[PDB]
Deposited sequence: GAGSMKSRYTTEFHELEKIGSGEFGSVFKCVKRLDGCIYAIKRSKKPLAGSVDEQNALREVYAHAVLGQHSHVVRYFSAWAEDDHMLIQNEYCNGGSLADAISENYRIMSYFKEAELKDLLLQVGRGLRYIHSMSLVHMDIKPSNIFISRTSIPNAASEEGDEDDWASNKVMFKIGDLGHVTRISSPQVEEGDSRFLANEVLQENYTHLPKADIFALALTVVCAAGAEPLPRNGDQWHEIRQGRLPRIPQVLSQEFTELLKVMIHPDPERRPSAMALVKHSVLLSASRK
């Protein structure tokens, strides 16, 4: 087994529909990697395209400081193993859930830092003619003196001739749900705004119903802590019902707020 031959397993760090992920030491270099163990996707299936989407994306992108690195992938028995960069801070979803536990929270200054860092990852992805299409806190990772990294590229597709697999409906822009795949970079912007809203302590986001449509009409979820009215205004226009009104990642990362 390549897995046990060249890695030593330290700790299971996650499980779910995605399979399970283990923190491991690679014996040769002594470095830490997050290895994902999934059922071998059925050939010709959705899961296979997800996995080849992920391969293509990292091959296009290569290494970037705000993207979780992708090292190798192989099969053993009826499972697929993926070797990724290990981010010692977990996902933003873990950090949020931790904030509820200890009654802490991300201040405006930290929320701005989160927006800028992920914005730069998006800036790079979009500059390479790709879109991520599943931005959300559980796909943002933390290396700790803090680096935010975009992970799980299974939904990445090309701006020209896209193959869209819709992301989590809680973070999905209305126009994508309407099968309008013509301004997809602004779908990432929309989902990043709501990702930051979650980080700010907002209540869990709706999957459907009155509240869902109210957000897609441009109404920002209520945030308990106090933010400058202009930072609030920035998040608002990132969820503007008109995608062309939302700032591009390029515009977002050259935006004035530091």
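Residues of the deposited sequence lacking C-alpha coordinates fall in the stretches 1 to 6, 151 to 169, 284 to 289, numbered from 1.
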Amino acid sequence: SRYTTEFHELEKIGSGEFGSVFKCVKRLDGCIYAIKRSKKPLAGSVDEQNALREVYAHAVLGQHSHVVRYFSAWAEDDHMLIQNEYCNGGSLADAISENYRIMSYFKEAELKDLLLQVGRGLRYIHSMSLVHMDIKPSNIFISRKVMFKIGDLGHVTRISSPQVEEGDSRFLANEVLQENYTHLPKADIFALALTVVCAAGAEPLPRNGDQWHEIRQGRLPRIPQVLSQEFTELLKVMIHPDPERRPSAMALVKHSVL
From here on, numbers count along this sequence of modelled residues.
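So that the term is clear: the rigid core is the largest set of C-alpha atoms that superpose within 1.5 Å between two forms.
Of the two stretches examined, 71 to 79 and 129 to 137, the one with higher mean CA deviation in 9 other deposited structures of this protein after a rigid core fit is 71 to 79. The higher RMS C-alpha distance to the shown form in 9 other deposited structures of this protein, out of 102 to 110 and 176 to 184, belongs to 102 to 110, with every structure fitted on the core.
Looking at the other PDB entries for this protein, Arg144 is absent from the model in a third or more of those that include the residues around it.
In this entry, the higher average B-factor at the C-alpha atoms falls on 221 to 229, of the pair 25 to 33 and 221 to 229. As the entry records it, the average C-alpha temperature factor is higher for 103 to 111, out of 82 to 90 and 103 to 111. Going by the entry's values, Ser45 shows the largest Cα B-factor out of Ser45, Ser65, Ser38, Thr195. Highest CA B-factor among the listed residues (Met250, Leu10, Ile13, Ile239): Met250. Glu214: CA B factor lies in the middle third for its chain, per the PDB record. Residue-level temperature factors show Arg69 in the lowest third of its chain, judged at the C-alpha atom. The deposited CA B-factor of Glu98 belongs to the highest third of values across its chain. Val146 sits in the highest third of its chain by CA B factor, as recorded in the PDB entry. Placement of the Cα temperature factor of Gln163 within the chain: highest third of the modelled residues, per the deposited record.
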